2 protein chains.
Amino acid sequence: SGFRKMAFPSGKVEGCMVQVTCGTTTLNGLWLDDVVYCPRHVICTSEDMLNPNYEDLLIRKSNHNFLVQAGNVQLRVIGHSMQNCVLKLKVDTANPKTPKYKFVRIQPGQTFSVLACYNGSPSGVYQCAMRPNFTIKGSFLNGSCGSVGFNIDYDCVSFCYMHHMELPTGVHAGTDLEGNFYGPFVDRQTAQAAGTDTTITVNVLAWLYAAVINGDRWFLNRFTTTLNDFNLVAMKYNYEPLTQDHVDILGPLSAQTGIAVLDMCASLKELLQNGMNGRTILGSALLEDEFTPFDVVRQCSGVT
Amino acid sequence: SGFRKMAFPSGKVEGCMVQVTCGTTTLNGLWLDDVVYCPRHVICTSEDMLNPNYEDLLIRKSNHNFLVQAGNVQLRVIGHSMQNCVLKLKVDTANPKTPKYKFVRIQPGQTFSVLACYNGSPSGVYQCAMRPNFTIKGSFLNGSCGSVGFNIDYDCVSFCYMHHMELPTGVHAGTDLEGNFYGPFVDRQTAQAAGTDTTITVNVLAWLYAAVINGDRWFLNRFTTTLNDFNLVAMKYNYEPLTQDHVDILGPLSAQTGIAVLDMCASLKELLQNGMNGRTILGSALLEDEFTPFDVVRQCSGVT
Ligand SMILES: *CC(=O)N1CCO[C@@H](c2ccc(F)cc2)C1
Ligand SMILES: *CC(=O)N1CCO[C@@H](c2ccc(F)cc2)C1
């Protein structure tokens with residue numbers, strides 16, 4: 001028992017982290033097979049960052065301008081291309097610790113682990129969600145760019161995120177591993193504002209299930225509701241709308257607890273309308289939305 | 001910027017996790033050099049757990065009754081001893097992935113990362129504190145016993161915890177890696193109650209510093225206080241007393257923010273007396289106490 005904000009074990013991703021240096025700029029890359037993936041702004045002076053033309057800036061760069069270091073050994077770059085906002089550096093050595101992997105583009109509400117790195121060395125691991133405004137609320141200092149987000153399915157690392165940017169509000173933006181930004185963000189030192197940071201309703205419901213499963217039951221009410229009635233209250237509280245797809249996904253938690261999804265919805269509705277009254281659920285004073293239904297099931301069943 | 005509950009990268013500890021089976025009981029062990037460390041109750045039937053005499057139960061066990069599996073390869077046990085509540089199984093093979101390590105017994109308030117494992121396989125990593133009642137609030141199902149807590153100083157894993165027990169309240173108890181329980185707990189299926197779970201005051205202060213550093217400043221008040229005046233309010237709120245040793249340790253955060261420690265104490269005092277009024281600090285509605293001053297400095301400076 002107990003329920004913790006839990007990241008994947010990071011070992012498989014630690015074995016992929018390299019330092020990439022172009023001129024004076026150093027950040028992290030992800031070495032998978034004979035390719036190193038890094039943010040393309042590695043080629044930029046922070047003067048360049050104000051209005052970079054990456055294609056033009058790239059003409060000035062050769063294979064040998066990209067310095068790739070894995071531990072304290074340099075990799076030979078024999079190839080470089082730009083894919084969207086990432087650089088793929090072909091190296092002459094396949095990463096011997098390459099895990100089985102996929103590149104996946106996740107949806108808002110999806111959670112993943114970040115291995116925060118500096119000079120290609122891991123400093124820490126935490127669990128995140130893609131916000132409904134396609135930002136993440138990370139922990140990232142200068143040099144953290146190239147750090148990646150991932151899920152693990154048994155032995156397969158699904159890489160879903162690469163860190164690129166801190167917005168003026170101190171929330172984070174980045175790309176999938178094909179270099180396409182989540183949201184409308186661009187790799188340019190220009191004021192860019194996030195949209196409404198809504199609560200991930202399906203993730204709150206999952207976590208209310210995790211709470212019941214772990215003995216925290218004080219908030220279970222005697223009410224039910226409908227998706228439409230629930231959604232009127234959701235909209236009012238900047239909660240994301242709940243779909244039959246969200247209800248479907250919560251079914252297994254519904255089964256294990258004997259609490260119908262719409263009953264748990266009615267409990268959430270009262271928690272929105274009444275607040276916590278100084279109480280806590282799983283040692284939180286606010287409703288947590290960075291556990292997916294899959295996360296709750298995984299942690300509640302001990303998947304490895 | 002941003003501030004996350006952050007675990008150490010787990011890779012160095014993943015490379016140490018084995019499955020230990022004695023009779024029908026399977027849990028996790030920690031393989032360091034040619035020794036596997038596991039909870040001694042691995043020898044117990046849950047019938048044995050009601051009033052075990054471990055010395056007597058151990059007489060009945062030989063080297064070959066302890067089945068140690070690392071990945072899908074069996075290690076040969078050539079030796080076994082009991083040290084307090086752990087078994088040390090001598091194996092004929094040094095763990096080739098043994099990191100540099102220390103065994104350390106941590107103080108209440110000290111944080112560490114848990115790699116939660118099942119059948120010697122890692123399922124997840126989270127950050128904990130030793131509570132002032134020498135419990136931890138973990139996430140641990142059946143088979144999680146032998147999972148370890150650790151800190152990393154650059155390349156040196158300090159192992160501080162091994163999971164042994166869930167108390168009837170669903171909080172956790174375990175040993176240092178010399179097999180001595182944190183607190184008054186024993187490895188027996190007998191009702192054992194935790195003492196008062198106090199807030200780790202020095203850790204709250206650290207986290208208020210982390211908040212200011214990351215732009216959350218609304219709670220900074222115009223007051224200061226004294227350790228004695230602060231401690232009268234602390235005692236009243238089941239906060240641990242604050243010592244000049246806690247103040248000393250906060251000095252670097254004091255320096256970086258220009259907020260005297262006793263001024264931050266007075267801000268905390270008002271937050272206790274006034275509550276949050278529905279506001280949040282670093283996306284929490286309650287005062288976080290599982291970041292040490294060292295943790296805040298580490299994450300705020302990007303140590304690897
Ligand atoms: C994340 C990171 O390491 N850095 C340092 C180099 O680039 C910085 C940057 C990114 C985007 C941008 F628009 C300006 C600066 C962030
Ligand atoms: C933690 C774990 O895996 N287990 C399974 C086997 O032993 C269980 C146990 C420990 C202590 C106790 F007093 C009773 C049962 C916990």
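Each chain gets a letter, A, B and so on, in the order the sequences are listed, and its residues count up from 1. Ligands are counted one by one from 1 in listed order, and the atoms in each one are counted from 1 as well.
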* To do: Verify the contact flag for atom 16 (C) of ligand 2, where contact means a protein heavy atom under 4.0 Å away.
  => yes
* Structure fact -> So the atoms of ligand 2 within less than 4.0 Å of a heavy atom of B/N142 turn out to be 3 (O)
* Asked: What pairs meet the ring pair (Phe, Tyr, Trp, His ring centres under 6.0 Å) rule with one or both residues in residues 46-70 of chain B, with sequence neighbours excluded?
  -> B/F66-B/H80
* Aromatic rings B/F140 and B/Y126: how do their planes relate, parallel, tilted or perpendicular, breaks at 30° and 60°? -> perpendicular
* To do: Please say whether B/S144 places an N or O atom under 3.5 Å from an N or O atom belonging to ligand 2.
  => yes
* Pair B/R40 + B/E55: basic N to acidic O under 4.0 Å -> no
* Asked: Can B/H164 be said to touch ligand 2, with heavy atoms closer than 4.0 Å?
  -> yes
* Asked: For atom 3 (O) of ligand 2, what's the nearest protein heavy atom and its distance?
  -> B/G143 N, 2.7 Å
* Asked: Do you see a protein non-hydrogen atom under 4.0 Å from atom 9 (C) of ligand 1?
  -> no
* To do: Show the numbers, then the answer: is there a ring-ring contact (aromatic ring centres under 6.0 Å, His included) between B/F181 and B/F134?
  => CA-CA 9 Å; B/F181 264 91; B/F134 292 101; over 10 Å; no
* Asked: Hey, are B/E178 and B/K88 close enough for a salt bridge, meaning a charged N less than 4.0 Å from a carboxylate O?
  -> no
* Give a yes/no verdict on whether any heavy atom in B/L27 is under 4.0 Å from an atom of ligand 2. => no
* To do: Show which atoms of ligand 2 fall inside a sub-4.0 Å distance from at least one heavy-atom site of B/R188.
  => 13 (F)
* Do you know which of B/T25, B/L57, B/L50 makes side chain to side chain contact (heavy atoms under 4.5 Å, CB included) with B/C44? -> B/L57
* Please determine which of B/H163, B/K137, B/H164, B/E166 meets the side-chain hydrogen bond (donor to acceptor under 3.5 Å, both in side chains) test together with B/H172. => B/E166
* **Validation row, ring centre B/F159 to ring centre B/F112 under 6.0 Å** => no
* Pick whichever of B/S147, B/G174, A/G302, B/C145 has a heavy atom sitting closest to atom 4 (N) of ligand 2. => B/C145
* Ring centres of A/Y101 and A/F103 under 6.0 Å apart? -> yes
* May I ask you to identify, for B/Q189, whether its side chain, its backbone, both or neither come under 4.0 Å of ligand 2 on a heavy-atom basis? => both
* Backbone, side chain, both or neither: what part of B/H41 comes under 4.0 angstrom of ligand 2, heavy atoms only? -> side chain
* **Which residue and heavy atom of the protein sit nearest atom 11 (C) of ligand 1, plus the separation** => A/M49 CE, 3.6 Å
* To do: Decide whether an N or O pair under 3.5 Å exists between B/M165 and ligand 2.
  => no
